[PDB]
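Below is work.pdb, which holds PDB, C-alpha atoms and all ligand atoms.
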```pdb
ATOM      1  CA  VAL A  31     -16.800 -17.609   9.515
ATOM      2  CA  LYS A  32     -13.369 -18.578   8.111
ATOM      3  CA  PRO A  33     -11.939 -18.016   4.602
ATOM      4  CA  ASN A  34     -10.203 -20.802   2.664
ATOM      5  CA  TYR A  35      -7.634 -18.999   0.493
ATOM      6  CA  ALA A  36      -5.637 -21.438  -1.619
ATOM      7  CA  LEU A  37      -2.752 -20.779  -4.006
ATOM      8  CA  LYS A  38      -3.791 -20.296  -7.635
ATOM      9  CA  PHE A  39      -0.730 -18.714  -9.297
ATOM     10  CA  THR A  40       2.900 -17.866  -8.604
ATOM     11  CA  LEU A  41       4.060 -14.939 -10.741
ATOM     12  CA  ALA A  42       7.779 -14.931 -11.514
ATOM     13  CA  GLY A  43       9.650 -12.211 -13.370
ATOM     14  CA  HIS A  44      11.089  -9.651 -10.966
ATOM     15  CA  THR A  45      14.847 -10.010 -10.425
ATOM     16  CA  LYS A  46      14.988  -8.302  -7.019
ATOM     17  CA  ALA A  47      12.645  -7.896  -4.011
ATOM     18  CA  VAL A  48       9.041  -7.049  -4.861
ATOM     19  CA  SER A  49       7.829  -3.963  -2.994
ATOM     20  CA  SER A  50       4.141  -3.497  -3.791
ATOM     21  CA  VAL A  51       1.193  -5.137  -5.541
ATOM     22  CA  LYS A  52      -2.071  -3.361  -6.420
ATOM     23  CA  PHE A  53      -5.230  -4.457  -8.239
ATOM     24  CA  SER A  54      -6.630  -2.019 -10.795
ATOM     25  CA  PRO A  55      -9.981  -0.527  -9.654
ATOM     26  CA  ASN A  56     -11.690  -2.327 -12.582
ATOM     27  CA  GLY A  57     -10.414  -5.686 -11.262
ATOM     28  CA  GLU A  58      -8.687  -6.556 -14.547
ATOM     29  CA  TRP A  59      -5.007  -6.139 -13.682
ATOM     30  CA  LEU A  60      -2.387  -6.488 -11.011
ATOM     31  CA  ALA A  61       0.494  -4.009 -10.978
ATOM     32  CA  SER A  62       3.752  -4.862  -9.216
ATOM     33  CA  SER A  63       6.815  -2.781  -8.386
ATOM     34  CA  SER A  64      10.292  -3.917  -7.393
ATOM     35  CA  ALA A  65      13.814  -3.034  -6.309
ATOM     36  CA  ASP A  66      14.710  -4.136  -9.876
ATOM     37  CA  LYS A  67      13.509  -0.686 -11.112
ATOM     38  CA  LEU A  68      10.567  -2.244 -12.974
ATOM     39  CA  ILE A  69       6.788  -2.165 -12.955
ATOM     40  CA  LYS A  70       5.060  -5.319 -14.207
ATOM     41  CA  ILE A  71       1.412  -5.787 -15.212
ATOM     42  CA  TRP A  72      -0.314  -9.171 -14.822
ATOM     43  CA  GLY A  73      -3.796 -10.517 -15.536
ATOM     44  CA  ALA A  74      -5.681 -10.552 -12.234
ATOM     45  CA  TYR A  75      -7.639 -13.708 -13.027
ATOM     46  CA  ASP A  76      -5.247 -15.853 -15.076
ATOM     47  CA  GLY A  77      -1.988 -14.453 -13.632
ATOM     48  CA  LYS A  78      -0.692 -13.990 -17.184
ATOM     49  CA  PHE A  79       2.235 -11.606 -17.516
ATOM     50  CA  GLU A  80       1.192  -8.630 -19.652
ATOM     51  CA  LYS A  81       4.068  -6.123 -19.884
ATOM     52  CA  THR A  82       7.045  -4.465 -18.181
ATOM     53  CA  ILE A  83       7.040  -0.698 -17.631
ATOM     54  CA  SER A  84      10.527   0.843 -17.328
ATOM     55  CA  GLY A  85      12.127   4.264 -16.826
ATOM     56  CA  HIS A  86      13.048   4.678 -13.157
ATOM     57  CA  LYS A  87      16.815   4.900 -12.555
ATOM     58  CA  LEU A  88      16.625   3.175  -9.178
ATOM     59  CA  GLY A  89      14.374   0.758  -7.280
ATOM     60  CA  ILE A  90      10.647   1.310  -6.742
ATOM     61  CA  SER A  91       8.850   1.086  -3.350
ATOM     62  CA  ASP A  92       5.243   1.664  -4.420
ATOM     63  CA  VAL A  93       2.760   1.839  -7.294
ATOM     64  CA  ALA A  94      -0.868   3.060  -7.394
ATOM     65  CA  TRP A  95      -3.726   3.118  -9.918
ATOM     66  CA  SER A  96      -5.931   5.954 -11.140
ATOM     67  CA  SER A  97      -9.684   5.380 -10.626
ATOM     68  CA  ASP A  98     -10.318   4.706 -14.342
ATOM     69  CA  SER A  99      -7.551   2.027 -14.334
ATOM     70  CA  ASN A 100      -5.711   3.871 -17.138
ATOM     71  CA  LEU A 101      -2.840   5.444 -15.210
ATOM     72  CA  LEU A 102      -0.244   4.330 -12.688
ATOM     73  CA  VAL A 103       2.017   6.318 -10.411
ATOM     74  CA  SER A 104       5.249   4.888  -9.004
ATOM     75  CA  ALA A 105       7.497   5.983  -6.111
ATOM     76  CA  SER A 106      11.258   5.445  -6.454
ATOM     77  CA  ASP A 107      14.650   5.655  -4.751
ATOM     78  CA  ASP A 108      15.607   7.956  -7.662
ATOM     79  CA  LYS A 109      13.751  10.693  -5.701
ATOM     80  CA  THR A 110      10.986  10.917  -8.310
ATOM     81  CA  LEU A 111       7.491   9.695  -8.933
ATOM     82  CA  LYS A 112       6.485   8.822 -12.474
ATOM     83  CA  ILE A 113       3.019   8.904 -14.016
ATOM     84  CA  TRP A 114       2.468   6.138 -16.566
ATOM     85  CA  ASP A 115      -0.060   5.405 -19.280
ATOM     86  CA  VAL A 116      -0.619   1.672 -18.719
ATOM     87  CA  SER A 117      -1.780   0.899 -22.293
ATOM     88  CA  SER A 118       1.236   2.593 -23.947
ATOM     89  CA  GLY A 119       3.798   1.948 -21.172
ATOM     90  CA  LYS A 120       4.957   5.553 -21.587
ATOM     91  CA  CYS A 121       6.038   7.899 -18.821
ATOM     92  CA  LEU A 122       3.678  10.874 -19.038
ATOM     93  CA  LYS A 123       5.234  12.955 -16.230
ATOM     94  CA  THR A 124       8.200  12.794 -13.862
ATOM     95  CA  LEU A 125       7.324  14.326 -10.495
ATOM     96  CA  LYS A 126      10.382  16.139  -9.144
ATOM     97  CA  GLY A 127      10.672  17.773  -5.723
ATOM     98  CA  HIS A 128      11.498  15.196  -3.050
ATOM     99  CA  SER A 129      15.098  15.377  -1.816
ATOM    100  CA  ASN A 130      15.428  11.664  -1.011
ATOM    101  CA  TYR A 131      13.832   8.240  -1.672
ATOM    102  CA  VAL A 132      10.085   8.294  -2.376
ATOM    103  CA  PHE A 133       8.411   5.445  -0.469
ATOM    104  CA  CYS A 134       4.651   5.739  -0.981
ATOM    105  CA  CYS A 135       2.028   7.133  -3.368
ATOM    106  CA  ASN A 136      -1.699   7.281  -4.159
ATOM    107  CA  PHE A 137      -4.136   8.988  -6.528
ATOM    108  CA  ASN A 138      -7.201  10.656  -5.043
ATOM    109  CA  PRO A 139     -10.655   9.281  -6.029
ATOM    110  CA  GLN A 140     -11.005  11.942  -8.765
ATOM    111  CA  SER A 141      -7.379  11.129  -9.767
ATOM    112  CA  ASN A 142      -6.547  14.776 -10.477
ATOM    113  CA  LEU A 143      -4.098  14.566  -7.555
ATOM    114  CA  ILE A 144      -1.279  12.347  -6.331
ATOM    115  CA  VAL A 145      -0.024  12.213  -2.748
ATOM    116  CA  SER A 146       3.503  11.019  -1.924
ATOM    117  CA  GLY A 147       5.597  10.260   1.165
ATOM    118  CA  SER A 148       9.396  10.304   1.319
ATOM    119  CA  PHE A 149      12.510   9.544   3.345
ATOM    120  CA  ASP A 150      12.858  13.370   3.275
ATOM    121  CA  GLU A 151      10.072  13.543   5.924
ATOM    122  CA  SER A 152       7.631  15.429   3.697
ATOM    123  CA  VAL A 153       4.281  14.606   2.165
ATOM    124  CA  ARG A 154       3.749  16.214  -1.245
ATOM    125  CA  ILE A 155       0.542  16.825  -3.197
ATOM    126  CA  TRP A 156       0.942  16.824  -6.997
ATOM    127  CA  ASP A 157      -1.182  17.991  -9.930
ATOM    128  CA  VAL A 158      -1.593  14.992 -12.271
ATOM    129  CA  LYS A 159      -2.196  17.088 -15.419
ATOM    130  CA  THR A 160       0.756  19.492 -15.060
ATOM    131  CA  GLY A 161       3.024  17.140 -13.106
ATOM    132  CA  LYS A 162       3.888  19.997 -10.742
ATOM    133  CA  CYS A 163       3.942  19.952  -6.942
ATOM    134  CA  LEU A 164       0.967  21.810  -5.474
ATOM    135  CA  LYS A 165       1.831  21.529  -1.778
ATOM    136  CA  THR A 166       4.717  20.370   0.401
ATOM    137  CA  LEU A 167       3.617  19.329   3.884
ATOM    138  CA  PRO A 168       6.342  19.294   6.558
ATOM    139  CA  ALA A 169       4.476  16.268   7.790
ATOM    140  CA  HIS A 170       6.876  14.290   9.941
ATOM    141  CA  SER A 171      10.309  14.246  11.644
ATOM    142  CA  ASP A 172      11.427  10.865  10.236
ATOM    143  CA  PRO A 173      10.807   8.908   6.990
ATOM    144  CA  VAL A 174       7.174   8.797   5.800
ATOM    145  CA  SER A 175       6.082   5.149   5.385
ATOM    146  CA  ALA A 176       2.542   5.524   3.946
ATOM    147  CA  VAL A 177       0.081   8.068   2.484
ATOM    148  CA  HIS A 178      -3.590   7.465   1.633
ATOM    149  CA  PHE A 179      -6.639   9.496   0.561
ATOM    150  CA  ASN A 180     -10.012   8.893   2.206
ATOM    151  CA  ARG A 181     -13.176   7.931   0.264
ATOM    152  CA  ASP A 182     -13.684  11.348  -1.391
ATOM    153  CA  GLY A 183     -10.077  12.613  -1.253
ATOM    154  CA  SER A 184     -10.897  15.366   1.274
ATOM    155  CA  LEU A 185      -8.399  13.887   3.761
ATOM    156  CA  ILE A 186      -4.905  12.425   3.630
ATOM    157  CA  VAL A 187      -3.604  10.030   6.289
ATOM    158  CA  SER A 188       0.195   9.715   6.755
ATOM    159  CA  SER A 189       2.458   7.527   8.905
ATOM    160  CA  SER A 190       6.100   7.864   9.882
ATOM    161  CA  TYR A 191       9.075   6.364  11.657
ATOM    162  CA  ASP A 192       8.618   9.322  14.054
ATOM    163  CA  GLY A 193       5.873   7.214  15.655
ATOM    164  CA  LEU A 194       3.018   9.406  14.498
ATOM    165  CA  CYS A 195      -0.093   9.036  12.385
ATOM    166  CA  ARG A 196      -1.357  12.367  11.044
ATOM    167  CA  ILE A 197      -4.505  13.399   9.213
ATOM    168  CA  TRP A 198      -4.383  16.283   6.740
ATOM    169  CA  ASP A 199      -7.012  18.447   5.080
ATOM    170  CA  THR A 200      -6.260  17.954   1.384
ATOM    171  CA  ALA A 201      -7.515  21.383   0.245
ATOM    172  CA  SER A 202      -5.529  23.509   2.741
ATOM    173  CA  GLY A 203      -2.678  21.148   3.666
ATOM    174  CA  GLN A 204      -3.465  21.772   7.329
ATOM    175  CA  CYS A 205      -3.048  19.016   9.913
ATOM    176  CA  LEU A 206      -6.437  18.084  11.368
ATOM    177  CA  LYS A 207      -5.314  15.423  13.839
ATOM    178  CA  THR A 208      -2.352  13.554  15.263
ATOM    179  CA  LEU A 209      -3.431  10.215  16.736
ATOM    180  CA  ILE A 210      -2.586   9.987  20.448
ATOM    181  CA  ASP A 211      -0.980   6.731  21.591
ATOM    182  CA  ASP A 213       4.105   4.995  23.054
ATOM    183  CA  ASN A 214       5.687   5.936  19.724
ATOM    184  CA  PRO A 215       7.146   2.947  17.858
ATOM    185  CA  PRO A 216       7.576   3.597  14.123
ATOM    186  CA  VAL A 217       4.252   3.628  12.265
ATOM    187  CA  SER A 218       5.050   1.524   9.204
ATOM    188  CA  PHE A 219       1.694   1.587   7.402
ATOM    189  CA  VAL A 220      -1.605   3.459   7.416
ATOM    190  CA  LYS A 221      -4.854   3.255   5.383
ATOM    191  CA  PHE A 222      -8.390   4.632   5.718
ATOM    192  CA  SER A 223     -11.244   2.136   5.919
ATOM    193  CA  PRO A 224     -13.485   2.002   2.805
ATOM    194  CA  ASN A 225     -16.038   4.301   4.507
ATOM    195  CA  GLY A 226     -13.354   6.731   5.747
ATOM    196  CA  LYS A 227     -14.416   6.408   9.391
ATOM    197  CA  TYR A 228     -11.525   4.202  10.544
ATOM    198  CA  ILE A 229      -7.759   4.092  10.124
ATOM    199  CA  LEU A 230      -5.763   0.841  10.016
ATOM    200  CA  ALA A 231      -2.232   1.440  11.314
ATOM    201  CA  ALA A 232       0.788  -0.839  11.617
ATOM    202  CA  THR A 233       3.599  -0.272  14.105
ATOM    203  CA  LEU A 234       6.967  -2.044  14.274
ATOM    204  CA  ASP A 235       6.076  -3.780  17.552
ATOM    205  CA  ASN A 236       4.232  -6.598  15.728
ATOM    206  CA  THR A 237       0.897  -4.764  16.096
ATOM    207  CA  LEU A 238      -1.955  -3.622  13.860
ATOM    208  CA  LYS A 239      -4.537  -1.199  15.218
ATOM    209  CA  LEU A 240      -7.945  -0.042  13.996
ATOM    210  CA  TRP A 241      -8.534   3.598  14.989
ATOM    211  CA  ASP A 242     -11.778   5.555  15.053
ATOM    212  CA  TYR A 243     -10.807   8.741  13.195
ATOM    213  CA  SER A 244     -13.553  10.990  14.635
ATOM    214  CA  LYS A 245     -12.912   9.956  18.269
ATOM    215  CA  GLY A 246      -9.138   9.500  17.918
ATOM    216  CA  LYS A 247      -9.505   6.189  19.775
ATOM    217  CA  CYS A 248      -8.165   2.676  19.174
ATOM    218  CA  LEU A 249     -11.038   0.243  18.550
ATOM    219  CA  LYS A 250      -9.295  -3.011  17.625
ATOM    220  CA  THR A 251      -5.841  -4.583  17.905
ATOM    221  CA  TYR A 252      -4.530  -7.404  15.693
ATOM    222  CA  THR A 253      -1.515  -9.444  16.802
ATOM    223  CA  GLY A 254       0.185 -12.824  16.346
ATOM    224  CA  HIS A 255       2.190 -11.902  13.246
ATOM    225  CA  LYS A 256       5.770 -10.651  13.055
ATOM    226  CA  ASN A 257       6.420  -7.038  12.060
ATOM    227  CA  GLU A 258       9.409  -5.252  13.612
ATOM    228  CA  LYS A 259      11.594  -4.361  10.600
ATOM    229  CA  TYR A 260       9.766  -3.811   7.316
ATOM    230  CA  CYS A 261       6.991  -1.478   6.221
ATOM    231  CA  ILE A 262       4.398  -4.140   5.476
ATOM    232  CA  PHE A 263       1.156  -3.175   3.724
ATOM    233  CA  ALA A 264      -2.212  -4.196   5.219
ATOM    234  CA  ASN A 265      -5.787  -4.382   3.863
ATOM    235  CA  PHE A 266      -9.509  -4.394   4.510
ATOM    236  CA  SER A 267     -10.935  -7.492   2.794
ATOM    237  CA  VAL A 268     -14.564  -6.675   1.988
ATOM    238  CA  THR A 269     -15.701  -8.902  -0.918
ATOM    239  CA  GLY A 270     -16.634 -11.854   1.332
ATOM    240  CA  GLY A 271     -16.218 -11.970   5.116
ATOM    241  CA  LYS A 272     -14.914  -8.793   6.760
ATOM    242  CA  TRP A 273     -11.210  -9.440   7.311
ATOM    243  CA  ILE A 274      -7.948  -7.654   7.992
ATOM    244  CA  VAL A 275      -5.104  -8.907   5.751
ATOM    245  CA  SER A 276      -1.342  -8.429   6.214
ATOM    246  CA  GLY A 277       2.036  -9.850   5.302
ATOM    247  CA  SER A 278       4.481 -10.905   8.000
ATOM    248  CA  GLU A 279       8.204 -11.364   8.557
ATOM    249  CA  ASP A 280       7.694 -15.099   9.189
ATOM    250  CA  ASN A 281       6.886 -15.400   5.436
ATOM    251  CA  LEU A 282       3.118 -15.857   5.929
ATOM    252  CA  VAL A 283       0.003 -13.934   4.993
ATOM    253  CA  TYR A 284      -2.146 -13.365   8.089
ATOM    254  CA  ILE A 285      -5.923 -12.951   7.980
ATOM    255  CA  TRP A 286      -7.948 -11.772  11.007
ATOM    256  CA  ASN A 287     -11.663 -11.415  11.667
ATOM    257  CA  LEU A 288     -12.047  -7.602  11.777
ATOM    258  CA  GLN A 289     -14.540  -7.528  14.673
ATOM    259  CA  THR A 290     -13.315 -10.384  16.881
ATOM    260  CA  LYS A 291      -9.569  -9.930  16.186
ATOM    261  CA  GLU A 292      -9.032 -13.717  15.856
ATOM    262  CA  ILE A 293      -6.588 -15.086  13.298
ATOM    263  CA  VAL A 294      -8.813 -16.962  10.810
ATOM    264  CA  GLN A 295      -6.172 -18.031   8.272
ATOM    265  CA  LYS A 296      -2.400 -18.103   7.736
ATOM    266  CA  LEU A 297      -1.196 -18.522   4.147
ATOM    267  CA  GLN A 298       2.013 -20.488   3.595
ATOM    268  CA  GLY A 299       4.164 -20.508   0.444
ATOM    269  CA  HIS A 300       6.447 -17.478   0.329
ATOM    270  CA  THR A 301      10.150 -17.899   1.120
ATOM    271  CA  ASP A 302      10.861 -14.347   2.333
ATOM    272  CA  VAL A 303       9.100 -11.496   4.169
ATOM    273  CA  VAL A 304       5.652 -10.821   2.692
ATOM    274  CA  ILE A 305       5.981  -7.050   2.364
ATOM    275  CA  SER A 306       2.801  -6.407   0.360
ATOM    276  CA  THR A 307      -0.735  -7.725   0.064
ATOM    277  CA  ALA A 308      -3.685  -6.488  -1.981
ATOM    278  CA  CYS A 309      -7.357  -7.520  -1.992
ATOM    279  CA  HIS A 310      -9.284  -7.740  -5.273
ATOM    280  CA  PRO A 311     -12.096  -5.153  -5.562
ATOM    281  CA  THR A 312     -14.892  -7.691  -6.381
ATOM    282  CA  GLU A 313     -13.633 -11.298  -6.080
ATOM    283  CA  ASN A 314     -12.284 -13.079  -2.981
ATOM    284  CA  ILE A 315      -8.729 -12.869  -4.320
ATOM    285  CA  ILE A 316      -5.539 -11.898  -2.483
ATOM    286  CA  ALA A 317      -2.231 -10.961  -4.099
ATOM    287  CA  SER A 318       0.912 -11.195  -1.968
ATOM    288  CA  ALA A 319       4.554 -10.368  -2.716
ATOM    289  CA  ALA A 320       7.874 -11.095  -1.054
ATOM    290  CA  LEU A 321      11.435  -9.846  -0.630
ATOM    291  CA  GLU A 322      14.675 -10.874  -2.380
ATOM    292  CA  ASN A 323      14.946 -14.566  -1.348
ATOM    293  CA  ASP A 324      11.558 -15.079  -3.016
ATOM    294  CA  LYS A 325      10.930 -12.292  -5.598
ATOM    295  CA  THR A 326       7.520 -13.752  -6.571
ATOM    296  CA  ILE A 327       3.904 -12.638  -6.394
ATOM    297  CA  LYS A 328       1.225 -15.109  -5.329
ATOM    298  CA  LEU A 329      -2.469 -15.072  -6.197
ATOM    299  CA  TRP A 330      -4.855 -16.817  -3.797
ATOM    300  CA  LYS A 331      -8.598 -17.440  -3.994
ATOM    301  CA  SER A 332     -11.248 -18.191  -1.355
ATOM    302  CA  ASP A 333     -14.929 -19.195  -1.423
ATOM    303  CA  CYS A 334     -15.782 -16.518   1.168
TER     304      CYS A 334
HETATM  305  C1  LIG B   1      12.870   3.952   6.337
HETATM  306  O1  LIG B   1      11.737   3.616   5.505
HETATM  307  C2  LIG B   1      12.068   2.790   4.471
HETATM  308  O2  LIG B   1      13.227   2.414   4.251
HETATM  309  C3  LIG B   1      10.984   2.310   3.711
HETATM  310  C4  LIG B   1       9.662   2.619   4.053
HETATM  311  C5  LIG B   1       8.601   2.113   3.291
HETATM  312  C6  LIG B   1       8.819   1.297   2.166
HETATM  313  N1  LIG B   1       7.716   0.824   1.528
HETATM  314  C7  LIG B   1       6.525   1.704   1.325
HETATM  315  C8  LIG B   1       5.472   1.124   0.366
HETATM  316  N2  LIG B   1       5.291  -0.334   0.530
HETATM  317  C9  LIG B   1       4.330  -0.794  -0.488
HETATM  318  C10 LIG B   1       6.560  -1.041   0.310
HETATM  319  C11 LIG B   1       7.575  -0.654   1.367
HETATM  320  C12 LIG B   1      10.156   0.970   1.842
HETATM  321  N3  LIG B   1      10.444   0.206   0.765
HETATM  322  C13 LIG B   1      10.841  -1.081   0.910
HETATM  323  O3  LIG B   1      10.891  -1.663   2.003
HETATM  324  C14 LIG B   1      11.205  -1.756  -0.273
HETATM  325  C15 LIG B   1      10.981  -3.134  -0.373
HETATM  326  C16 LIG B   1      11.347  -3.847  -1.516
HETATM  327  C17 LIG B   1      11.949  -3.181  -2.582
HETATM  328  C18 LIG B   1      12.191  -1.808  -2.509
HETATM  329  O4  LIG B   1      12.787  -1.231  -3.600
HETATM  330  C19 LIG B   1      13.112   0.166  -3.529
HETATM  331  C20 LIG B   1      11.820  -1.095  -1.352
HETATM  332  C21 LIG B   1      11.210   1.489   2.603
HETATM  333 CL    CL B   2      -9.988  18.807   1.637
HETATM  334 CL    CL B   3     -15.453   0.577   6.176
HETATM  335 CL    CL B   4     -13.092  10.284   6.175
HETATM  336 CL    CL B   5      -6.261  -3.922  -1.294
END
```

Could I get this file's structure written as structure tokens?
Amino acid sequence: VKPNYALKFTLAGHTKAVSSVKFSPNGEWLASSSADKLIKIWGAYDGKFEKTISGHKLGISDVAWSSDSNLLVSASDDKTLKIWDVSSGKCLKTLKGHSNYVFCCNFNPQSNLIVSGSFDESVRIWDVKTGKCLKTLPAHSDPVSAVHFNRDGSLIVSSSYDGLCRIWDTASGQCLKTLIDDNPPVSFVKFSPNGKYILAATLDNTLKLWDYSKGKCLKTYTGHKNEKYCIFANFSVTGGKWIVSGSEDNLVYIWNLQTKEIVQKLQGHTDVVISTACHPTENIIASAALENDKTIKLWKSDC
């Protein structure tokens, strides 16, 4: 009915705002990225700092794992993405093509591809092996805030400050759908685990669950504050079925997915919680905050 997330660890080390936290698909690791130009790896269960991965010339907005938990991709203000071998810490490829800040990135399920979104208003599809750009989608007319592959990688969902959420056929690069809604900036977008729904944040303090096939809004989640930052949200699926998001009032919000009620609010951070991640098997949340805080928090619940 209601989760009971409690603080287990506070992870200090970043020297500027943290931008993104992600659990490795194998559950073993947390990766974090920051305005400090660094990627850090931490033990998911003991919160133990593992290593720092460096190479970007400017700050990093996003980081994402390959399906085998061996590779990471990062998205940076230096206009590049970098592909990293986590075990060695080495940059395997630098992905060059965007003409401004890169804000978001993801591997596909196979992990032969990377998708990216940029201030330059494009979505790019990259070949992991060669490090070359396969497709450039003229996706939006303002900065791209988020990009995400569906369950099998056949679709890409993108969001933008232009107020649109668009769905793309990965193979052809063709737009399959623009969600019909007002047009406040769409600050975040993610497919549901089954690929049927899309969770979308807009900068009017609102999260929406969309039915992809129908192009219809099914659920709305409110009560939090989100009018300025591109705050990441999540489907929590290991215990109760929740929606999880950071907020500009420094809290982590948790809603019941079906009823839309706020079921928990997590207090502790001292700046905007820009990023949250949900562990793939345990009832564990990671959260991260902006420059007044600079820490990552790990929380655990019984359900
Ligand atoms: C006009 O659009 C933007 O300026 C913009 C959009 C999305 C961003 N992301 C996208 C990915 N999230 C995980 C983090 C926030 C970000 N990145 C950040 O807000 C951000 C936060 C902390 C550190 C950081 O270092 C570059 C960047 C910026
Ligand atoms: Cl496809
Ligand atoms: Cl689902
Ligand atoms: Cl789908
Ligand atoms: Cl997650």

Margin query: I want to know what sits within 9 Å of residue 251 in chain A, based on only C-alpha atoms, with residues of the same chain fewer than 5 positions away left out; could you give that as a list in words?
Written below: residues 237, 238, 239, 240 and 291 of chain A

Next item on the list: Quick one: everything within 6 Å of range 264-270 of chain A, counting all atoms listed in the file, minus sequence neighbours fewer than 2 positions away in the same chain. Send it as a list in words.
Entry: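 Listing them by chain and then by number gives residues 272, 273, 274, 275, 276, 309, 312, 314 and 334 of chain A.
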
Check: Just so the selection is clear, what residues does the PyMOL selection byres (((chain A and resi 73) around 12) and not hetatm) cover here, as a PyMOL selection string?
Finding: chain A and resi 39+41+52-54+56-62+70-72+74-81+310+317+329

Check: Written as number ranges by chain, what is the full residue list that the PyMOL selection byres (((chain A and resi 227) around 9) and not hetatm) yields on the file shown?
Finding: A: 180, 222-226, 228-229, 241-244

Notebook entry, point to check: Mind listing the residues within 8 Å of ligand LIG 1 (chain B), all atoms listed in the file counted, as a ChimeraX atom specification?
Noted result: /A:46-51,63-67,88-93,106-107,133-135,149,173-176,191,218-219,260-263,305-306,321-322

May I have a table of the residues of chain A lying at most 12 Å from ligand CL 2 (chain B), giving each one's closest pair of atoms and their distance in Å to one decimal, counting all atoms listed in the file, ordered by chain and ascending residue number, as CSV?
```
residue,atom,partner,partner_atom,distance
A:138,CA,B:CL2,CL,10.9
A:143,CA,B:CL2,CL,11.7
A:155,CA,B:CL2,CL,11.8
A:179,CA,B:CL2,CL,10.0
A:180,CA,B:CL2,CL,9.9
A:181,CA,B:CL2,CL,11.4
A:182,CA,B:CL2,CL,8.9
A:183,CA,B:CL2,CL,6.8
A:184,CA,B:CL2,CL,3.6
A:185,CA,B:CL2,CL,5.6
A:186,CA,B:CL2,CL,8.4
A:187,CA,B:CL2,CL,11.8
A:197,CA,B:CL2,CL,10.8
A:198,CA,B:CL2,CL,8.0
A:199,CA,B:CL2,CL,4.6
A:200,CA,B:CL2,CL,3.8
A:201,CA,B:CL2,CL,3.8
A:202,CA,B:CL2,CL,6.6
A:203,CA,B:CL2,CL,7.9
A:204,CA,B:CL2,CL,9.2
A:205,CA,B:CL2,CL,10.8
A:206,CA,B:CL2,CL,10.4
```

Item checked: Contacts of residue 171 in chain A within 8 Å, all atoms listed in the file, excl. fewer than 5 positions in-chain, as a VMD selection string -> chain A and resid 151 190 to 192

Check: Please, what distance in Å, to one decimal, runs between CA of residue 284 in chain A and CA of residue 234 in chain A?
Finding: 15.8 Å

Next item on the list: Return the single residue from A:297, A:210, A:230, A:283 that is closest to residue 246 in chain A, with distances computed using only C-alpha atoms.
Entry: A:210

Note to self: One number please: CA of residue 177 in chain A to CA of residue 152 in chain A, in Å, one decimal.
What the structure shows: 10.6 Å

Padding 5 Å on each side, edges along x, y and z: where is the centre of the box around the listed atoms of range 94-111 of chain A, and how long are its edges in Å to one decimal? Output it as AutoDock Vina command-line options.
```
--center_x 2.6 --center_y 6.5 --center_z -10.9 --size_x 35.9 --size_y 18.9 --size_z 22.4
```

Margin query: Translate the PyMOL selection byres (((chain A and resi 332) around 8) and not hetatm) into a concrete residue list for this structure, as JSON, numbers by chain.
Written below: {"A": [33, 34, 35, 36, 314, 315, 330, 331, 333, 334]}

Notebook entry, point to check: Using only C-alpha atoms, what residues lie at most 9 Å away from (9.1, 18.9, 1.8) (file coordinates), given as a ChimeraX atom specification?
Noted result: /A:127-129,148,150-154,165-169

Margin query: Could you check the closest approach to residue 124 in chain A for each of A:301, A:97, A:110, A:233 and tell me which residue wins, using only C-alpha atoms?
Written below: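 For residue 124 in chain A, the nearest of the candidates is A:110.
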
Note to self: Quick one: residues within 9 Å of residue 116 in chain A, all atoms listed in the file, excluding same-chain residues fewer than 5 positions away - as a ChimeraX atom specification?
What the structure shows: /A:71,83,99-102

So that I can check the surroundings of residue 256 in chain A, please list as an mmCIF file with C-alpha atoms, in the coordinates of the input every protein, DNA and RNA residue that reaches within 10 Å of it, counting only C-alpha atoms and ignoring chain neighbours fewer than 3 positions away.
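part17.cif written:
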```cif
data_model
loop_
_atom_site.group_PDB
_atom_site.id
_atom_site.type_symbol
_atom_site.label_atom_id
_atom_site.label_comp_id
_atom_site.auth_asym_id
_atom_site.auth_seq_id
_atom_site.Cartn_x
_atom_site.Cartn_y
_atom_site.Cartn_z
ATOM 1 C CA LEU A 234 6.967 -2.044 14.274
ATOM 2 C CA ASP A 235 6.076 -3.780 17.552
ATOM 3 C CA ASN A 236 4.232 -6.598 15.728
ATOM 4 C CA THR A 237 0.897 -4.764 16.096
ATOM 5 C CA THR A 253 -1.515 -9.444 16.802
ATOM 6 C CA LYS A 259 11.594 -4.361 10.600
ATOM 7 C CA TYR A 260 9.766 -3.811 7.316
ATOM 8 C CA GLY A 277 2.036 -9.850 5.302
ATOM 9 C CA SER A 278 4.481 -10.905 8.000
ATOM 10 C CA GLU A 279 8.204 -11.364 8.557
ATOM 11 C CA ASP A 280 7.694 -15.099 9.189
ATOM 12 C CA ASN A 281 6.886 -15.400 5.436
ATOM 13 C CA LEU A 282 3.118 -15.857 5.929
ATOM 14 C CA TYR A 284 -2.146 -13.365 8.089
ATOM 15 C CA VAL A 303 9.100 -11.496 4.169
#
```

Note to self: Rounded to one decimal, what separation in Å do you get between CA of residue 131 in chain A and CA of residue 215 in chain A?
What the structure shows: 21.3 Å

Next item on the list: Considering only C-alpha atoms and all ligand atoms, state which residue in the set A:292, A:213, A:172, A:313 is at the smallest distance from ligand CL 5 (chain B).
Entry: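 For ligand CL 5 (chain B), the nearest of the given residues is A:313.
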